Structures are given as C-alpha cells and as structure tokens.
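Chain letters run A, B, ... following the sequence lines, proteins first, then strands; residues in each count from 1. Worth knowing before you read on, the calculation uses all heavy atoms, side chains too, and leaves out hydrogens, waters and symmetry mates.
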Amino acid sequence: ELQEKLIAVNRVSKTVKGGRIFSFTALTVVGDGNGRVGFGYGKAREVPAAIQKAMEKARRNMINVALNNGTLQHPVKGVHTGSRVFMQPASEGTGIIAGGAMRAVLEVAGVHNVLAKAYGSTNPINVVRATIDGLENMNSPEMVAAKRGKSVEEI
RNA sequence: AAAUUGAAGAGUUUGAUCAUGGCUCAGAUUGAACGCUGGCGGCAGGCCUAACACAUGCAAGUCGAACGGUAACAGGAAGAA
C-alpha cells in the first residue's frame with residue numbers, strides 16, 4: 001500500500017532518415033510513507049507505457065531513510081550533476097517547504113516537516129537523485145552512537 | 001510562562017539532452033498616478049515636481065498689583081432741571 005507519484009513527463013525525440021521519432025519519458029517516485037522511497041525513470045514510445053515502466057522501476061530500487069518522528073535527523077545536502085539540494089528538519093506543523101520534485105520525494109518518503117531549497121539546476125531527474133542521495137546519507141543518533149562506541153546520550 | 005518555530009518554483013537557446021547563462025513570471029509593498037466603476041462608517045494619510053512668484057484674511061501677545069495718565073464706555077459726583 002505504498003504511494004506513487006508522477007513527477008515529470010517529458011517528450012524526447014531521436015532523428016532518423018525519415019524524420020523525427022518522438023518518445024516519452026516519465027519520472028515517478030514511490031514510497032511506503034515511513035522511511036522507504038525510490039524513484040523510477042522509464043522511456044517509452046507512449047505516455048502510459050512510460051509511466052508503467054517508471055512505476056515498475058521505482059517499486060524496485062527503493063532505499064531506506066532514517067526518519068526522526070516524521071522529519072529529518074539533521075540538515076543534509078544532496079548533490080547530483082547540476083542540482084545542489086539543501087534540506088533541514090522543521091518542527092511539527094510547518095509542512096513540506098520544497099519544490100515540486102523535492103515535495104514529491106519528501107512526501108512519498110514519509111517526511112512531514114522539512115524546510116528545503118533547491119540550488120543550481122532544478123532538473124527534475126537530477127533534483128530527485130540529489131534528494132535521494134541526501135536522504136540516504138542521513139544518519140540517526142543510534143547509527144553515530146554505535147559507530148562511536150559510546151552510548152546515545154547525545155540524543 | 002511567552003516574546004527568532006525559518007528557506008517552494010515556473011516559462012524561454014536544442015531535432016532532442018545535460019550544463020552554463022541572461023530575460024520574463026508567480027509574492028509582498030507605495031505619500032502613488034491613469035482607465036472602468038463606486039453604498040456606508042471607523043482609523044490614519046494627502047505638492048514626492050518650481051527652496052517658482054504671491055492677491056486676501058488670520059498665525060504673538062500680555063500686565064493698571066511698575067508708572068504719568070483719561071481718550072472711549074460704564075458708574076459714582078457738586079452744581080444748573
């Protein structure tokens with residue numbers, strides 16, 4: 001019972017001897033809403049087939065996120081090719097302050113309160129890749145506590 | 001007790017892509033102006049330009065418990081109706 005969200009549909013084209021060959025690419029994201037989120041990207045000669053391929057690729061290739069009561073553990077920075085992403089944990093009641101692709105990722109991921117901002121290029125594919133890379137690199141107090149070989153009294 | 005609890009993007013270069021990069025938009029705000037329209041009230045605001053020139057009226061008077069006074073109006077007055 002995971003939530004699936006179509007982020008962007010784009011029409012690309014390859015040229016051949018006869019003319020242009022138009023195909024469609026769809027970027028989606030799925031997530032169970034409590035710390036697991038994955039994005040899929042499918043190209044197809046039609047829009048519904050592209051969305052189906054994106055959903056199948058997104059249902060696999062899902063990552064785990066260490067949430068903290070529905071928000072981030074700490075401010076994180078995600079970077080892909082052109083997009084640099086900043087996410088920050090907020091208090092209860094603020095919502096998701098983020099762009100379209102960031103909103104989709106953080107909403108299907110299970111994040112409820114976050115202050116986010118996208119720098120550089122706002123390309124949807126690179127934005128969702130940067131968001132996923134920033135969320136999977138976010139660690140919890142138990143992780144750092146066990147990695148430091150000392151109790152979790154820092155929490 | 002409270003008195004920083006706060007951060008959104010989109011369109012456009014290409015047959016298509018990523019990046020760079022500028023232009024434009026979505027938000028607030030104003031001593032505002034113009035166009036169409038216009039019922040009431042409360043609170044505020046109202047020459048941003050020519051520190052250009054000014055008709056007219058007012059905007060700095062007051063004290064007789066400082067003084068010599070009596071010109072005006074109100075009285076007291078002696079004497080002539």
Rounded off to whole Å, could you give me the [atom1]-to-[atom2] distance for the [X] and [N] pair?
X        : N     : atom1 : atom2 : value
A/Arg103 : B/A7  : CZ    : P     : 12 Å
A/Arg11  : B/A16 : CZ    : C1'   : 10 Å
A/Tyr119 : B/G9  : OH    : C1'   : 13 Å
A/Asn10  : B/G15 : CG    : P     : 15 Å
A/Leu106 : B/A8  : CG    : P     : 13 Å
A/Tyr41  : B/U17 : OH    : P     : 9 Å
A/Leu115 : B/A8  : CG    : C1'   : 11 Å

Select one nucleotide: of [options], the one nearest the side-chain heavy atoms of [X].
X        : options            : value
A/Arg84  : B/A7, B/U20, B/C18 : B/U20
A/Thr81  : B/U17, B/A8, B/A19 : B/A19
A/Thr15  : B/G15, B/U17, B/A7 : B/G15
A/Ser13  : B/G6, B/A8, B/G15  : B/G15
A/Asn123 : B/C18, B/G6, B/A8  : B/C18

Under 5.5 Å between six-membered ring centres and under 30° between their planes: does that hold for the bases of [N] and [M]?
N     : M     : result
B/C43 : B/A44 : yes
B/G31 : B/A32 : no
B/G46 : B/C47 : no
B/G9  : B/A10 : yes
B/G38 : B/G39 : no

Cluster check A/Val30, A/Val127: I/L/V/M/F/W/Y, side chain < 4.5 angstrom: no

Between B/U12 and B/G22, is there a Watson-Crick or G-U wobble pair with both distances below 3.5 Å? yes

Between B/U20 and B/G64, would you say there is a Watson-Crick or G-U pair if both relevant distances must stay under 3.5 Å? no

For [N], does the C1'-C2'-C3'-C4' torsion put the sugar north or south?
N     : value
B/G38 : north
B/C34 : north
B/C23 : north

Given that A/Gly100 and A/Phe22 both sit by RNA chain B, which one's nearest nucleotide is further toward the 5' end? A/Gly100

Heavy-atom donor-acceptor pair, A/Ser91 side-chain to B/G6 base, under 3.5 Å: yes

Does [X] put a side-chain nitrogen or oxygen below 4.0 Å from OP1 or OP2 of [N]?
X        : N     : value
A/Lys14  : B/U17 : no
A/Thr94  : B/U5  : no
A/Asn126 : B/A19 : yes
A/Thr122 : B/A10 : yes

Are the side chain of A/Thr28 and the backbone of A/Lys5 linked by a donor-acceptor contact shorter than 3.5 Å? no

Are any non-hydrogen side-chain atoms of A/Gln88 and A/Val114 less than 4.5 angstrom apart? no

Using the glycosidic torsion, which applies to B/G21: syn (within 90° of 0) or anti (everything else)? anti

